[PDB]
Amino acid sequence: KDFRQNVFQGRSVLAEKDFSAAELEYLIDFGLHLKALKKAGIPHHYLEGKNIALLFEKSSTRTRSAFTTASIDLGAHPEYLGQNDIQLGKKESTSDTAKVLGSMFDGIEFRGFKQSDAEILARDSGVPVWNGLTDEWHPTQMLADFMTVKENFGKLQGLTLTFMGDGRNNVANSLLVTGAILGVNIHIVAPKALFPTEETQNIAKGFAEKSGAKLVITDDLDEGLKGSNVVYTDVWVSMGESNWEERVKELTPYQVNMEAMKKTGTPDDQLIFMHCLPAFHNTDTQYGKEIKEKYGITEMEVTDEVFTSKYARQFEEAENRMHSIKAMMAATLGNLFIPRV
């Protein structure tokens, strides 16, 4: 008879909607606990002796670094398999690879385009698989983000988080869905063209009706920002993206500047700014210089003033990438005793 009890052990983490509010909060709180342990020098090698594969079909170095430092702190050894090292379903079926990866490694991180690849990995490897970012979901960023909110405010339910800018990018989609599950009010403040899809809004609405989260999807700043505890943003455009100027044109009214922070009406001690990074907040980059020389644009989604102001939590948030991934890997692979969530 198997007397091991742990509701997370062996589970994959592919999509944040596969986890209940209680499960998400556990992992968030576990992350804050391990953050405290690491600050104090308290050992927590729950993955002692293990091997972990870190698959990236596209370079995602901050996520890699979070998974790497997390693995080491837990006593596991991470190996990076990037785009030149691995191409799933290209010359060998994803299923065949999963099986061989699973026979050698104890856990698998997967970052790549297809959610379906993540699922086959989870189905066939026989080991926990963690989604480091797909086109559909970004669960590790969500864990970090809500950990950061709770780190600052102490209690998630009934707080308001406002995302400004592209309400159709996959971080906004994840924030809307994850906030709904957790009972956090979510405002998406975007141009109409970039409102979340009906499919995304429906998934979020389903969860919100059970949690009591209020969800507002609007192109009006003043309506959107009022009451926010968190103002969150992300980049408007990519490296030589299509319809670049059209996107910038429509997005520029939704820049997080100090006026936007004022529009919330929220007291200073109840308001923070978040950004999943990288942020175009100045011209300190090669890209930044080029954009300026061509358009005279000096900041995009956030002003430097806000980025460097007392509201700023994006650096704590980026550190929390690591602490949250650590709790996730530990819950899921460390054979810890967790009889109940």
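In this text, residue numbers run from 1 along the sequence as written.
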property	result
191-199 or 93-101, whichever carries the higher mean Cα B-factor	191-199
Of 246-254 and 123-131, the one with larger mean CA B-factor	246-254
Candidate residues 148, 238, 141, 162, the one whose C-alpha B factor the record puts highest	238
Residue, from 267, 75, 107, 179, that the PDB entry assigns the highest Cα B-factor	267
Lowest, middle or highest third - CA B-factor, residue 46	lowest
Residue 278 - Cα temperature factor, lowest/middle/highest third of chain	middle
Modelled-residue ranking by C-alpha temperature factor, third containing residue 71	lowest
Position of residue 136 among the chain's modelled residues by C-alpha B-factor, lowest, middle or highest third	middle
CA B-factor ranking of residue 309, expressed as a third of its chain	middle
